[PDB]
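Shown next: query.tsv, containing TSV, C-alpha atoms and all ligand atoms.
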chain	number	residue	atom	x	y	z
A	7	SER	CA	15.39	-13.27	-6.91
A	8	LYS	CA	16.54	-10.28	-4.84
A	9	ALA	CA	15.79	-6.56	-4.59
A	10	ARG	CA	17.81	-4.40	-7.01
A	11	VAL	CA	18.07	-1.64	-4.39
A	12	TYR	CA	18.18	-1.43	-0.57
A	13	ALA	CA	19.00	-5.14	-0.55
A	14	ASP	CA	21.43	-4.82	2.39
A	15	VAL	CA	19.61	-2.34	4.68
A	16	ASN	CA	18.61	-4.79	7.37
A	17	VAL	CA	21.88	-6.64	6.79
A	18	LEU	CA	23.88	-3.61	7.95
A	19	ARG	CA	21.58	-2.72	10.87
A	20	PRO	CA	21.51	-4.04	14.48
A	21	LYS	CA	19.24	-7.02	15.07
A	22	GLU	CA	17.19	-4.96	17.52
A	23	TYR	CA	16.04	-2.83	14.59
A	24	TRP	CA	14.36	-5.59	12.57
A	25	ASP	CA	13.68	-8.19	15.28
A	26	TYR	CA	10.12	-7.30	16.42
A	27	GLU	CA	9.20	-10.46	18.36
A	28	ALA	CA	11.74	-9.55	21.07
A	29	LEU	CA	9.80	-6.29	21.57
A	30	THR	CA	8.30	-5.51	24.99
A	31	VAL	CA	5.49	-2.96	24.92
A	32	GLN	CA	5.43	0.05	27.24
A	33	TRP	CA	1.78	0.78	27.92
A	34	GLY	CA	0.17	4.09	28.88
A	35	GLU	CA	-2.89	5.54	30.64
A	36	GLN	CA	-6.11	4.26	29.04
A	37	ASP	CA	-8.14	6.93	30.79
A	38	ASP	CA	-6.14	9.71	29.12
A	39	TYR	CA	-8.32	8.96	26.12
A	40	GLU	CA	-12.03	9.16	25.37
A	41	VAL	CA	-14.09	8.04	22.37
A	42	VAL	CA	-16.32	10.58	20.63
A	43	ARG	CA	-17.57	8.80	17.46
A	44	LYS	CA	-16.83	5.89	15.15
A	45	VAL	CA	-15.24	6.69	11.80
A	46	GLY	CA	-14.19	3.28	10.48
A	47	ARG	CA	-14.50	-0.51	10.66
A	48	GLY	CA	-12.44	-3.43	9.46
A	49	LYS	CA	-12.01	-7.13	9.99
A	50	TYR	CA	-8.99	-6.39	12.24
A	51	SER	CA	-10.09	-3.22	14.01
A	52	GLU	CA	-12.58	-0.46	14.74
A	53	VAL	CA	-11.59	3.20	14.45
A	54	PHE	CA	-12.84	6.22	16.41
A	55	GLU	CA	-12.47	9.97	16.74
A	56	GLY	CA	-11.33	10.55	20.31
A	57	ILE	CA	-10.16	13.13	22.80
A	58	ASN	CA	-6.99	13.47	24.85
A	59	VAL	CA	-8.23	14.56	28.30
A	60	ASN	CA	-4.83	15.82	29.48
A	61	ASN	CA	-4.38	18.45	26.75
A	62	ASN	CA	-7.91	18.48	25.27
A	63	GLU	CA	-6.47	17.42	21.92
A	64	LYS	CA	-8.20	15.45	19.15
A	65	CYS	CA	-6.76	12.00	18.34
A	66	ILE	CA	-7.36	8.73	16.52
A	67	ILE	CA	-8.38	5.72	18.58
A	68	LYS	CA	-7.98	2.38	16.81
A	69	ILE	CA	-9.43	-0.51	18.83
A	70	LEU	CA	-7.99	-3.85	17.64
A	71	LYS	CA	-10.02	-7.04	17.24
A	72	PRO	CA	-8.77	-10.21	18.98
A	73	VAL	CA	-5.63	-11.35	17.12
A	74	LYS	CA	-2.22	-13.06	17.53
A	75	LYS	CA	0.36	-11.20	19.60
A	76	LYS	CA	3.09	-11.41	16.95
A	77	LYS	CA	1.05	-9.48	14.38
A	78	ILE	CA	0.36	-6.73	16.92
A	79	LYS	CA	4.06	-6.40	17.92
A	80	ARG	CA	5.11	-6.34	14.28
A	81	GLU	CA	2.86	-3.40	13.46
A	82	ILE	CA	4.07	-1.56	16.57
A	83	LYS	CA	7.79	-2.08	15.85
A	84	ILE	CA	7.28	-0.86	12.28
A	85	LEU	CA	5.35	2.24	13.33
A	86	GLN	CA	8.20	3.09	15.72
A	87	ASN	CA	10.95	2.71	13.12
A	88	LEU	CA	8.99	4.84	10.65
A	89	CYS	CA	7.89	7.58	13.10
A	90	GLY	CA	8.80	10.97	11.63
A	91	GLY	CA	9.23	9.95	7.99
A	92	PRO	CA	7.50	11.83	5.16
A	93	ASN	CA	3.73	11.25	5.02
A	94	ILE	CA	3.59	8.38	7.44
A	95	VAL	CA	0.94	8.20	10.20
A	96	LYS	CA	2.30	8.85	13.72
A	97	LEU	CA	1.90	6.45	16.63
A	98	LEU	CA	1.52	8.57	19.80
A	99	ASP	CA	0.72	6.13	22.63
A	100	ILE	CA	-0.38	2.54	23.21
A	101	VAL	CA	-3.01	1.48	25.76
A	102	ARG	CA	-5.32	-1.40	26.71
A	103	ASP	CA	-8.43	-2.39	28.65
A	104	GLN	CA	-7.60	-3.69	32.14
A	105	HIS	CA	-10.47	-6.18	32.33
A	106	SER	CA	-10.41	-7.62	28.79
A	107	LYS	CA	-6.98	-6.29	27.78
A	108	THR	CA	-7.99	-5.32	24.25
A	109	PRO	CA	-5.33	-2.87	23.03
A	110	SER	CA	-5.75	0.47	21.33
A	111	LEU	CA	-3.29	2.42	19.26
A	112	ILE	CA	-3.50	6.18	19.66
A	113	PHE	CA	-2.38	8.24	16.68
A	114	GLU	CA	-1.91	11.83	15.62
A	115	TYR	CA	-5.34	12.97	14.46
A	116	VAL	CA	-6.02	12.61	10.74
A	117	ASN	CA	-8.90	14.00	8.72
A	118	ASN	CA	-10.36	12.07	5.78
A	119	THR	CA	-13.14	12.10	3.18
A	120	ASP	CA	-14.34	8.76	1.76
A	121	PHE	CA	-12.56	8.15	-1.54
A	122	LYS	CA	-15.80	7.12	-3.29
A	123	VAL	CA	-16.93	10.68	-2.69
A	124	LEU	CA	-13.50	12.35	-3.07
A	125	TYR	CA	-11.99	10.76	-6.21
A	126	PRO	CA	-14.76	11.88	-8.60
A	127	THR	CA	-13.74	15.47	-7.74
A	128	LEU	CA	-9.96	15.26	-8.16
A	129	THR	CA	-8.18	17.23	-10.90
A	130	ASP	CA	-5.44	16.09	-13.26
A	131	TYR	CA	-2.90	17.93	-11.07
A	132	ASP	CA	-4.34	16.67	-7.79
A	133	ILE	CA	-3.64	13.15	-8.90
A	134	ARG	CA	0.02	13.92	-9.62
A	135	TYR	CA	0.34	15.72	-6.28
A	136	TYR	CA	-1.17	12.98	-4.13
A	137	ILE	CA	0.65	10.15	-5.95
A	138	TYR	CA	3.97	11.93	-5.57
A	139	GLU	CA	3.26	12.35	-1.84
A	140	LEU	CA	2.43	8.66	-1.59
A	141	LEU	CA	5.67	7.77	-3.42
A	142	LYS	CA	7.64	9.71	-0.86
A	143	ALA	CA	6.23	7.50	1.89
A	144	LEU	CA	6.96	4.36	-0.14
A	145	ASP	CA	10.59	5.27	-0.89
A	146	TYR	CA	11.14	6.20	2.72
A	147	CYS	CA	9.86	2.87	4.01
A	148	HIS	CA	11.69	0.82	1.36
A	149	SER	CA	14.89	2.74	2.23
A	150	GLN	CA	14.39	1.70	5.85
A	151	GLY	CA	13.98	-1.95	4.83
A	152	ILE	CA	10.19	-2.16	5.00
A	153	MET	CA	7.36	-3.37	2.65
A	154	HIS	CA	3.80	-2.02	3.29
A	155	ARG	CA	1.88	-4.78	1.39
A	156	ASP	CA	-1.64	-3.28	1.62
A	157	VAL	CA	-1.55	-0.21	-0.58
A	158	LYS	CA	-5.05	0.75	-1.72
A	159	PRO	CA	-7.31	3.85	-1.49
A	160	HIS	CA	-8.91	2.98	1.88
A	161	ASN	CA	-5.38	2.96	3.33
A	162	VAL	CA	-4.41	6.42	2.15
A	163	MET	CA	-5.92	9.21	4.27
A	164	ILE	CA	-6.48	12.53	2.55
A	165	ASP	CA	-7.50	15.81	4.19
A	166	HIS	CA	-8.12	17.59	0.95
A	167	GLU	CA	-8.64	20.97	2.55
A	168	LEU	CA	-5.06	20.97	3.92
A	169	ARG	CA	-3.76	18.84	1.01
A	170	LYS	CA	-2.17	16.51	3.51
A	171	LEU	CA	-1.82	12.76	2.88
A	172	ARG	CA	-1.06	9.95	5.32
A	173	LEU	CA	-0.37	6.31	4.54
A	174	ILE	CA	-2.13	4.28	7.23
A	175	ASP	CA	-2.95	0.74	8.41
A	176	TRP	CA	0.50	-0.82	8.82
A	177	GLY	CA	-1.09	-4.06	10.08
A	178	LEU	CA	0.16	-6.06	7.05
A	179	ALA	CA	3.65	-4.51	6.56
A	180	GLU	CA	6.96	-6.52	6.88
A	181	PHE	CA	10.79	-6.15	6.94
A	182	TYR	CA	12.78	-7.22	3.83
A	183	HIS	CA	15.65	-9.77	3.83
A	184	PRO	CA	17.34	-11.02	0.63
A	185	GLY	CA	16.12	-14.46	-0.42
A	186	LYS	CA	13.43	-14.73	2.24
A	187	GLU	CA	10.09	-16.41	1.42
A	188	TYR	CA	6.94	-14.45	2.28
A	189	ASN	CA	3.20	-15.15	2.69
A	190	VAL	CA	1.09	-14.45	-0.43
A	191	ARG	CA	-2.21	-13.86	1.36
A	192	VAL	CA	-1.49	-10.16	1.74
A	193	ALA	CA	-3.47	-7.16	0.39
A	194	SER	CA	-6.91	-6.72	-1.19
A	195	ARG	CA	-7.80	-8.92	-4.16
A	196	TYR	CA	-8.05	-6.01	-6.55
A	197	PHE	CA	-4.55	-4.78	-5.72
A	198	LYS	CA	-2.62	-8.10	-5.71
A	199	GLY	CA	0.32	-8.33	-8.11
A	200	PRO	CA	0.99	-11.36	-10.40
A	201	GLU	CA	3.64	-12.72	-8.05
A	202	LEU	CA	0.98	-13.07	-5.34
A	203	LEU	CA	-1.34	-14.65	-7.91
A	204	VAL	CA	1.09	-17.30	-9.21
A	205	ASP	CA	2.51	-18.12	-5.76
A	206	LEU	CA	5.94	-16.46	-6.20
A	207	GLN	CA	6.94	-16.02	-2.56
A	208	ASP	CA	10.36	-14.39	-2.76
A	209	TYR	CA	9.00	-10.96	-3.64
A	210	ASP	CA	10.38	-7.60	-2.49
A	211	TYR	CA	9.73	-3.85	-2.43
A	212	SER	CA	8.29	-4.00	-5.98
A	213	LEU	CA	5.11	-5.65	-4.75
A	214	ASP	CA	4.04	-2.20	-3.49
A	215	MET	CA	4.68	-0.70	-6.91
A	216	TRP	CA	2.22	-3.06	-8.58
A	217	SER	CA	-0.48	-2.11	-6.07
A	218	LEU	CA	0.35	1.55	-6.68
A	219	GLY	CA	-0.05	0.99	-10.40
A	220	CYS	CA	-3.55	-0.51	-9.89
A	221	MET	CA	-4.57	2.39	-7.69
A	222	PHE	CA	-3.30	4.84	-10.29
A	223	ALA	CA	-5.13	3.09	-13.17
A	224	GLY	CA	-8.44	3.22	-11.32
A	225	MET	CA	-7.95	6.95	-10.76
A	226	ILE	CA	-7.01	7.93	-14.32
A	227	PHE	CA	-9.62	5.67	-15.94
A	228	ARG	CA	-12.42	6.25	-13.42
A	229	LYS	CA	-12.96	2.50	-13.13
A	230	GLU	CA	-12.60	1.37	-9.51
A	231	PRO	CA	-11.52	-1.22	-8.98
A	232	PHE	CA	-9.58	-1.42	-12.25
A	233	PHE	CA	-9.02	-5.21	-12.32
A	234	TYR	CA	-12.31	-6.51	-10.85
A	235	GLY	CA	-12.12	-10.22	-9.94
A	236	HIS	CA	-14.74	-12.19	-7.98
A	237	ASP	CA	-12.04	-14.54	-6.69
A	238	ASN	CA	-8.27	-14.94	-6.98
A	239	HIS	CA	-8.42	-17.00	-10.16
A	240	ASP	CA	-10.79	-14.49	-11.72
A	241	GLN	CA	-8.31	-11.76	-10.77
A	242	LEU	CA	-5.45	-13.27	-12.81
A	243	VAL	CA	-7.79	-13.78	-15.77
A	244	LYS	CA	-8.83	-10.13	-15.56
A	245	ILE	CA	-5.17	-9.09	-15.63
A	246	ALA	CA	-4.18	-11.42	-18.50
A	247	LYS	CA	-6.98	-10.02	-20.69
A	248	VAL	CA	-5.16	-6.67	-20.41
A	249	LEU	CA	-1.40	-7.32	-20.44
A	250	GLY	CA	-1.64	-10.35	-22.76
A	251	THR	CA	-0.46	-13.93	-22.29
A	252	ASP	CA	2.84	-13.69	-24.16
A	253	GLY	CA	4.37	-11.57	-21.42
A	254	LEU	CA	2.90	-13.99	-18.89
A	255	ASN	CA	4.60	-17.02	-20.46
A	256	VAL	CA	7.94	-15.23	-20.72
A	257	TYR	CA	7.59	-14.29	-17.03
A	258	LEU	CA	6.68	-17.83	-16.01
A	259	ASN	CA	9.59	-19.33	-17.89
A	260	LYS	CA	12.20	-16.94	-16.44
A	261	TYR	CA	11.37	-17.69	-12.81
A	262	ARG	CA	10.44	-21.22	-13.85
A	263	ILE	CA	6.89	-21.16	-12.51
A	264	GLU	CA	4.11	-23.38	-13.78
A	265	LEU	CA	0.41	-22.66	-13.32
A	266	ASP	CA	-1.88	-25.53	-12.35
A	267	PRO	CA	-4.32	-26.90	-14.97
A	268	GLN	CA	-7.41	-25.13	-13.64
A	269	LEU	CA	-5.92	-21.65	-13.74
A	270	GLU	CA	-3.94	-22.24	-16.94
A	271	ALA	CA	-7.02	-23.46	-18.82
A	272	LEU	CA	-8.89	-20.39	-17.59
A	273	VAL	CA	-6.17	-17.90	-18.53
A	274	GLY	CA	-6.24	-19.13	-22.12
A	275	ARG	CA	-4.62	-16.95	-24.76
A	276	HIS	CA	-4.94	-13.16	-25.11
A	277	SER	CA	-3.06	-10.54	-27.07
A	278	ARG	CA	-2.12	-7.35	-25.18
A	279	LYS	CA	-4.72	-4.57	-24.93
A	280	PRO	CA	-3.16	-1.13	-25.56
A	281	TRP	CA	-3.62	1.30	-22.64
A	282	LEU	CA	-5.26	3.79	-25.00
A	283	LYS	CA	-8.27	1.50	-25.55
A	284	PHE	CA	-9.32	2.22	-21.94
A	285	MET	CA	-9.93	5.94	-22.57
A	286	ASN	CA	-13.56	7.13	-22.82
A	287	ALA	CA	-15.64	10.32	-22.36
A	288	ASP	CA	-15.83	9.82	-18.59
A	289	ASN	CA	-12.05	9.82	-18.04
A	290	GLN	CA	-10.70	11.64	-21.07
A	291	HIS	CA	-9.66	14.63	-18.89
A	292	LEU	CA	-7.27	12.42	-16.87
A	293	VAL	CA	-5.46	10.37	-19.53
A	294	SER	CA	-2.14	11.72	-20.91
A	295	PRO	CA	0.81	10.05	-22.71
A	296	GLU	CA	3.14	10.66	-19.74
A	297	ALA	CA	0.60	9.14	-17.39
A	298	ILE	CA	0.51	6.19	-19.82
A	299	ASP	CA	4.30	5.90	-19.90
A	300	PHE	CA	4.41	6.02	-16.12
A	301	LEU	CA	1.65	3.46	-15.69
A	302	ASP	CA	3.20	1.18	-18.36
A	303	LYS	CA	6.45	0.96	-16.42
A	304	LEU	CA	4.63	0.11	-13.18
A	305	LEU	CA	2.31	-2.68	-14.39
A	306	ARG	CA	4.93	-5.21	-15.61
A	307	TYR	CA	4.66	-8.93	-14.94
A	308	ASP	CA	8.34	-9.14	-14.00
A	309	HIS	CA	8.78	-7.48	-10.62
A	310	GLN	CA	12.45	-6.96	-11.59
A	311	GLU	CA	11.55	-4.74	-14.56
A	312	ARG	CA	9.24	-2.44	-12.51
A	313	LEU	CA	10.37	1.08	-11.58
A	314	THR	CA	11.63	1.63	-8.03
A	315	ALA	CA	9.96	4.27	-5.77
A	316	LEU	CA	13.06	6.43	-6.28
A	317	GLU	CA	13.22	6.11	-10.11
A	318	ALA	CA	9.45	6.62	-10.10
A	319	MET	CA	9.72	9.98	-8.30
A	320	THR	CA	12.17	11.16	-10.99
A	321	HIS	CA	9.76	10.35	-13.86
A	322	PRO	CA	8.86	13.36	-16.01
A	323	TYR	CA	5.16	12.79	-15.12
A	324	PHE	CA	5.98	14.49	-11.78
A	325	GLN	CA	8.28	17.21	-13.20
A	326	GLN	CA	5.96	20.06	-12.11
A	327	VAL	CA	5.40	18.66	-8.62
A	328	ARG	CA	9.18	18.56	-8.14
A	329	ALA	CA	9.68	22.10	-9.40
A	330	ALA	CA	7.01	23.37	-6.97
A	331	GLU	CA	8.93	21.72	-4.12
A	332	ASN	CA	12.25	23.28	-5.09
A	333	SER	CA	11.07	26.71	-3.89
A	401	LIG	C1	-9.63	8.84	9.78
A	401	LIG	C2	-9.90	7.41	9.43
A	401	LIG	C3	-11.08	7.02	8.82
A	401	LIG	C4	-11.29	5.67	8.52
A	401	LIG	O1	-12.36	5.31	7.98
A	401	LIG	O2	-10.34	4.72	8.81
A	401	LIG	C5	-9.14	5.04	9.41
A	401	LIG	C6	-8.19	4.06	9.71
A	401	LIG	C7	-6.98	4.42	10.32
A	401	LIG	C8	-6.00	3.46	10.62
A	401	LIG	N1	-6.13	2.10	10.34
A	401	LIG	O3	-5.22	1.36	10.64
A	401	LIG	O4	-7.14	1.64	9.82
A	401	LIG	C9	-4.82	3.85	11.22
A	401	LIG	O5	-3.87	2.91	11.49
A	401	LIG	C10	-4.58	5.18	11.53
A	401	LIG	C11	-5.55	6.13	11.24
A	401	LIG	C12	-6.73	5.75	10.64
A	401	LIG	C13	-7.68	6.73	10.34
A	401	LIG	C14	-8.88	6.37	9.74
Mind turning the file's structure into structure tokens?
Amino acid sequence: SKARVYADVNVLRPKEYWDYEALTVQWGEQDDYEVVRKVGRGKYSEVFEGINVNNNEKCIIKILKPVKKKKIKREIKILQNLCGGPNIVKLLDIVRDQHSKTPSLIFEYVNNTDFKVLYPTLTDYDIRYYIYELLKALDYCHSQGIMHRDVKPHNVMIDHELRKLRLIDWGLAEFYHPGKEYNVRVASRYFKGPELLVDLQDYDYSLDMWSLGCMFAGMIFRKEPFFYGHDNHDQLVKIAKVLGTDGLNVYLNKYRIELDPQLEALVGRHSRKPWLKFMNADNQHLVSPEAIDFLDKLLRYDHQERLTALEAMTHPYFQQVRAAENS
């Protein structure tokens, strides 16, 4: 299996561009930067509102937890190649503690409101706006030969006052090479596509589109997370109860995959559940037939059938967002 678009990007570019292990970091002044208050926490890092002492400018200070050097160079090389692109977070400087040598990535300052508090308040149009903006980041990165692999709400920063969006946390992103076999333990359980759940390792840019589709479904149905599994196996069951098992079997036979007895017995047999059955009084103001048509084309077992970021931006669901930009 190979990407239907942008398959040769890295093929045509200098090795330096995609070869991140040969990277040698140029560090800066740690004391240029001061912490003011914590704003985030993760298994891989801690995040802080900071100050640049030189120019008295606000910034983002991300302090990384002890981790392998290769992962940290990868994220840095990717941030550099993406710097400047639409809606992507900007790496400004890189520093580290002398004594313990824990590194810190300094970014352009970004404002955010927790999504659990922000999503309940979003309008029909807001959702088209912010998704379009997100799709512009995704098409940019894919066009530069990169997969993000961790798309989910906590990774999209939104300053709703300025209606500015930034895709963050590039700690799990990778470069794409035709035929290459990737690691399936990427992304949050709730946002993992079927390829990651049936061990199909030669995935491509379309992984990100599945995750996007899950994010979108949670938003329009006001059910977050949309597919809510307690473990990986539970996750695939939850999906199969929605898309149906016929599509699953077709998918498995085309790539010639076979599920192990445990999972297979659990999946069982289920007829498709029509998207309309998910509409209720709590989300009725968000669900439209165009949103449904869009969503339908994103959540497809077969990664090769899924819309690209570029085709997706040309969907009529976004027709008004586009017209507002052409002026
Ligand atoms: C502003 C902000 C709040 C928060 O809770 O988590 C963040 C995480 C960020 C990350 N991150 O990798 O997690 C960035 O790479 C950049 C900016 C970020 C900004 C925030």
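When atom CA of residue 21 of chain A is paired with atom CA of residue 80 of chain A, their separation reads 14.2 Å.
Across A:101, A:31, A:70, A:174, the tightest approach to residue 117 of chain A is made by A:174 when counting all atoms listed in the file.
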As number ranges by chain, please: the residues near residue 327 of chain A (cut-off 8 Å, all atoms listed in the file, same-chain neighbours under 4 positions excluded). A: 134-135, 138, 331
May I have the residues within 10 Å of ligand LIG 401 (chain A), computed using all atoms listed in the file, as an MDAnalysis selection string? chainID A and resid 44:48 50:55 65:70 81 85 94:97 111:121 160:165 172:178
Atom CA of residue 187 of chain A sits from atom CA of residue 263 of chain A at a separation of 15.1 Å
